Structures are given as structure tokens and as C-alpha cells.
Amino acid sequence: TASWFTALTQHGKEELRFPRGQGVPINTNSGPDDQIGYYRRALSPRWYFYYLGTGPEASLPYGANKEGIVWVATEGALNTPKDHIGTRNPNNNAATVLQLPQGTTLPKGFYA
């Protein structure tokens, strides 16, 4: 089991965070309802994105405070667990390079 996407690498002291509405990786295999999840912090810390209701924190409800978990949602997303998307089997699929809309605000020491 794995994130669908490559990691965001923390090169500085600042932790990963996003303004509300920003930070969900682009995934054209998903729809507007699906655009919601968390980054989990795994040399420079690597943060990996998982859809809500999937991954190591599959049971964790959106917004719940927890060390090393950063919540992201695009306006229009729904609260349902993203069971249909699930996680990646790295034996079958390489990670998708993580892409964010141009002009997405990133903290110092992050690049995407």
C-alpha cells in the first residue's frame, strides 16, 4: 500500500501547511466530490497525500487534530470516504508525480 502520488519534500524548518482550498494534488482520474484528504509526514521529511477515508489514517475524520497530519480540501469536495480511489499498489503502478495548480501557496522550503 502507498500514496498515489510522489512526496512533497520539506527542505526547511517550516512544516507543511496550506490555506483552506489549496493543496489537494491534481488527479484527473478523480471527480469534484473526491478532492479531499490529508498529507502524512513519513534526511528531509517527506509528506505523502492520501484521500479522505484511505491510507494509514483511513478512519481519521476530516479536520481532526493529529501530529504529522495536514488536512486539505478543494471547495466542493464531499465527506464520504474515497473507497473507490483507495491507495496504490506499487507493484502495479508507479507514483503519479504530484502536481498542484499553478500559483498554489507553498510554505518556505517546499517546491511542486
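Numbers for residues come from their place in the sequence shown, where the first is 1.
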As recorded in the PDB entry, how many deposited residues are without coordinates between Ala42 and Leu43: none, 1 to 3, 4 to 9, or 10 or more?
10 or more
Where do the C-alpha atoms have the higher mean temperature factor in this entry, in 97-105 or in 13-21?
13-21
Which has the highest CA B-factor per the PDB entry: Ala64, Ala73, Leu52, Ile26?
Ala64
Could you tell me which third, lowest, middle or highest, the C-alpha B-factor of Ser30 occupies within its chain?
highest
CA B-factor placement of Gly68, once the chain's modelled residues are sorted into thirds:
highest
